[PDB]
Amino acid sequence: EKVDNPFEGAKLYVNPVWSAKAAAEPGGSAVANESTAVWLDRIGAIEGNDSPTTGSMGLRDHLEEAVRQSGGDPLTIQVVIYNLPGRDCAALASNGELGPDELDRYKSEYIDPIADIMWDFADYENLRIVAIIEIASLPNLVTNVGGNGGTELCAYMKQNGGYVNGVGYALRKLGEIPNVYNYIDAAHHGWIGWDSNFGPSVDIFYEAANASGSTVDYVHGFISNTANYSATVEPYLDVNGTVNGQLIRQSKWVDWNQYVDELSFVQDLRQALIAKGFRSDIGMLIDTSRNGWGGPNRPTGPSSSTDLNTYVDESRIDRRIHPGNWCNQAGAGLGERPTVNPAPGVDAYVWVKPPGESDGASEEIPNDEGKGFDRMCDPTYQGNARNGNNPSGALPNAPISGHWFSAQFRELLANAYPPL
């Protein structure tokens, strides 16, 4: 009874909190009326906590504003569920208020009140709530547990079932509400694109979808690239292709990844997920908030080099030093504006990470959000195995994750692709 694609035929929510921040920047009015997702990054964000990250609007305030904006016609608001126990286990920049052992509190003081509020809007037949479930959670249990280079926190979250059971609980509690559409976060191609990571991620998604009373029928689809920068399409780069009889996959940038962009990744992922037992009508989302890679530095065509790495590096639109460089990435631009069904199997391009909100602080900044100083957000950091022992690529003088970052907003605006 829920619509196939909740973005289809719908007006899109404009978050007034974000809109005001965008409009206050030089040239920011050009994007101030775009739809961005609303993040519930703390228990306090549910009622409203006047924080730097969520401002003066609680969940009810947003849903009332969504109803108002709808005019009685179909409208879609995106709400990010982002407060797992031991959240962001492979990093420090967005660790949170709930520790690894606090699944019970996640259920009773976070998910339950969110569900209670959303239930109150069930009588608005034209309001559609897209619930984006727990960014950078499940994929960590594949890539940052055991072996070398992972974390003890991620190992513990796998061991104690906190991520798997928390996600399942969110899926059931929110998915049983008639106008709620759940999308599971599915990392990005530069995270789980590799053979070693892809299949096990599909397995962990299926596990979570069946945990805490959930089934795959609570899962409307999946979202990739949330708060990341991976290209939607690399127009001048073929992952299967060859340069001078040599595989593109052998390049330092691709480094044996099965994919070089988000679109091919999600399309294949969709097929794998259906094969595993997810609904055949699932649709994918790609967060295009910061992946346009436009401006003067954007390649205008394929390189003419017959050297592999020169061809790859001159031809790629994603200009990062390494695909593992995730924080406040220098030179990034706004991507495609939110768009319904842009490609086969894709429900929408969306702006989930709100442009201008930081990925993390570039230094130690005292806070009560549970957030630490991650050196991947330090411009001077020389990296680690994982990122290929490379400079971080992070913008300097960055505030705490989710806080307003004027410099980043202005560069994103400048480097928008397609052009504004």
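Note that residue numbering begins at 1 and tracks the sequence as displayed.
Trainee: Do the C-alpha atoms of 69-77 or of 168-176 have the higher average B factor in the entry?
Mentor: Stretch with the higher mean C-alpha B-factor: 69-77.
Trainee: Mind pulling up the entry and telling me whether 239-247 or 105-113 has the higher mean Cα temperature factor?
Mentor: Mean CA B-factor is higher for 239-247.
Trainee: Select one of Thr215, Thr232, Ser303, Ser289: the residue whose C-alpha shows the highest B-factor in the crystal structure entry.
Mentor: Answer, based on the entry's C-alpha B-factors: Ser303.
Trainee: By the CA temperature factor listed in this entry, which of these ranks top: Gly393, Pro52, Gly360, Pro355?
Mentor: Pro52 has the highest C-alpha B-factor of those listed.
Trainee: Split the chain's modelled residues into thirds by Cα B-factor; is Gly86 in the lowest, middle or highest one?
Mentor: According to the entry, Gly86 has a C-alpha B-factor in the chain's lowest third.
Trainee: For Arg337, return the chain-relative third of its C-alpha B-factor as stated in the PDB record: lowest, middle or highest.
Mentor: Answer is middle: the recorded C-alpha B-factor places it there.
Trainee: Give the position of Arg42 by CA B-factor within its chain, expressed as the lowest, middle or highest third.
Mentor: Middle third, going by the recorded CA B-factors of the chain.
Trainee: Can you work out whether the C-alpha temperature factor of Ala385 puts it in the lowest, middle or highest third of the chain?
Mentor: Ranked within chain, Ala385 CA B lands in the highest tercile.
Trainee: Quick check on the deposited entry: does the C-alpha B-factor of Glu134 sit in the lowest, middle or highest third of its chain?
Mentor: Its C-alpha B-factor, which the entry lists for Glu134, ranks in the middle third among residues of this chain.
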